[PDB]
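Below: the structure, in structure tokens.
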Amino acid sequence: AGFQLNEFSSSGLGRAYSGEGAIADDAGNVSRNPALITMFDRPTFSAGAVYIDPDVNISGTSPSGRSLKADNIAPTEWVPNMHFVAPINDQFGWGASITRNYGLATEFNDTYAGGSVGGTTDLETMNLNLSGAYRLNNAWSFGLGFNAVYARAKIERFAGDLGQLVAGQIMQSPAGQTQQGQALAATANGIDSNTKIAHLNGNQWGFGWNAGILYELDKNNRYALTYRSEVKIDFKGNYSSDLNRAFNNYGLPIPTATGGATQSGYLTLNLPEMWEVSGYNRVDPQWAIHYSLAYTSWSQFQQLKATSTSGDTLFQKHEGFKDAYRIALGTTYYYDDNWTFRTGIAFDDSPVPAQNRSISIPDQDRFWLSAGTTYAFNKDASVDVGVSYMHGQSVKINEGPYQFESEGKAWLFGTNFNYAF
Ligand SMILES: CCCCCCCCCCCC[N+](C)(C)[O-]
């Protein structure tokens, strides 16, 4: 789902995040729907983390004859999560949490033949949420939240085999027999594959709000609607390219060369708004069913465009994403006072139109299968453990002068410790 993340808690991870927003067995869920606060009778704490181990691979052959094979370009991630919920009174409550709604990590060896569109891509996001909720009656509750998002990002691209390709072309041309052409070819050949073609890094804060509506027929059946506003991060960081400035202003498809000099850069990153409808049904003292449909407006992510203090475009990449949906269904089986078991299935559509696919964001439609279990220590303290398997469809990628093919899957493991005072 682009670079969107749903791992806000270990439980739920075991649910395949189905019906989040309509379930409140532990404090984690307030982060997804502030209205659920009215479901807590006392200060409740939750904290843990999810290890995401992706297995994304790239295959292909370049016009240079070199392999575009790149195994495991998606590094494993560690997504912590922490929550606290507290009643103000039988009418209002509040909560605070630290989670990750967005993130991405793609890494190619700097000598990768397709380095110009490979290299390194890292996006780290942290969401600090503060919420409040109001219960109107036995059925309706309302929640509103404020969010402060800290983001650390870094982008690096390399020459790859472009120098070789350029040299080849010059040499196959009438210019190949000329002094100017030869000097040109020498230079092109001289551009090593690990030559840093572009560098972009920065950290910045963004702000957004969210809200939720909870409606419960009774104490065992509820539905929810939530909205997470878009969050715009206005980066002000550093840009550079180790290429010689003599490369500039010819119209070449290459980021602005700065002779290695660092230049101040601006880039706005749009973090997509999200909508979600949820349902939780406890059809028995030991069985509950949960499901949801989420809609993330990825069309809000149109491009990555870095700009200089003069307003010149130093680096630009069209993304052209489209809105996407996510569907999830799961059930929880409360065996006894100590044990609770859960499973889930989910499907999230990729927001990237085929012609806009890039190897930097190896996304694709995903199917999730998961299982988890929770051990209750004493009606006040518990531990959650969940696992999920992600399987994605292999797709073709045409980027620049290259044709790639990618496949990706993933294993997720998480644990969270819960405590209610
Ligand atoms: C000061 C500029 C800082 C730029 C770092 C921006 C990172 C944006 C992360 C989104 C994913 C990047 N990608 C793959 C689309 O290029």
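Backbone-built Cβ (ideal geometry, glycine too); neighbour counts: all protein chains shown. All of the numbers you see were taken from the coordinates with simple rules; none came from a lab.
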* **Inter-label distance, nm, simple model (7 Å from Cα along the C-beta direction), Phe207/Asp284** => 5.0
* **Farthest positive-ward along the range 277-421 dipole, Cα basis, beta-carbon charges - from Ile327, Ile345, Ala376** => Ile327
* Asked: Gaussian network model of the chain, Cα springs within a sub-10 Å range: biggest mean-square fluctuation belongs to which of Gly60, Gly168, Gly320?
  -> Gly168
* Karplus-derived 3J(HN,Hα), 6.51/-1.76/1.60, for each residue of the range 323-331, Hz, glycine and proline x -> 4, 9, 10, 9, 10, 9, 9, x, 9
* To do: Can you put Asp380, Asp110, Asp90 in order of Cβ neighbours within 10 angstrom, beginning with the fewest?
  => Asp90, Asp380, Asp110
* What fraction of the Cα pairs in the chain, stated in percent, has a spacing above 41 angstrom? -> 24
* Asked: Amide H neighbours of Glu399 under 5 Å, counting only residues 5+ apart in sequence or on other chains, H built in-plane at 1.01 Å?
  -> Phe404
* Tell me, what HN-Hα J-couplings in whole Hz come from the Karplus equation 6.51 cos²θ - 1.76 cosθ + 1.60 at θ = phi - 60° for each residue of the range 308-318, using x for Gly and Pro? -> 7, 5, 9, x, 7, 7, 7, 8, 8, 9, 6
* What percent do you get for the relative contact order of the range 85-160 when only Cα pairs under 8 Å and 6+ apart count? -> 34
* Structure fact -> Summing -39500 (n - 2.57) over every DSSP H run of at least 4 residues in the chain and dividing by its residue count gives a helix-only mean residue ellipticity at 222 nm, to the nearest 500 deg cm²/dmol, of -2000 deg cm²/dmol
* Can you grab the distance from the C-alpha centre of the range 236-298 to the C-alpha centre of the range 1-61, Å, no decimals? => 20
* Structure fact -> Length gained if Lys69 through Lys379 is fully extended, taking 0.36 nm per residue and subtracting the Cα-Cα distance, is 106.4 nm
* Structure fact -> Calc'd 3J(HN,Hα), the range 215-226, phi into Karplus 6.51 cos²θ - 1.76 cosθ + 1.60 (θ = phi - 60°), Hz, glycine/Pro = x, comes to 10, 10, 5, 8, 6, 9, 9, 9, 10, 8, 10, 9
* Please build a GNM for the chain, connecting alpha carbons under 10 Å apart, and tell me which residue among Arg357, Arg282, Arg157 fluctuates the most. => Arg282
* Asked: What number, in percent, do you get for the relative contact order of the chain if the mean sequence gap of Cα pairs under 8 Å and at least 6 apart is divided by its residue count?
  -> 19
* Over 29 Å (Cα to Cα) - which of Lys219/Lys379; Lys69/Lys236; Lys236/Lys322; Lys232/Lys317; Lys196/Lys322; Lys219/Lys409 fall in this group -> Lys69/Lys236; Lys196/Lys322; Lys219/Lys409
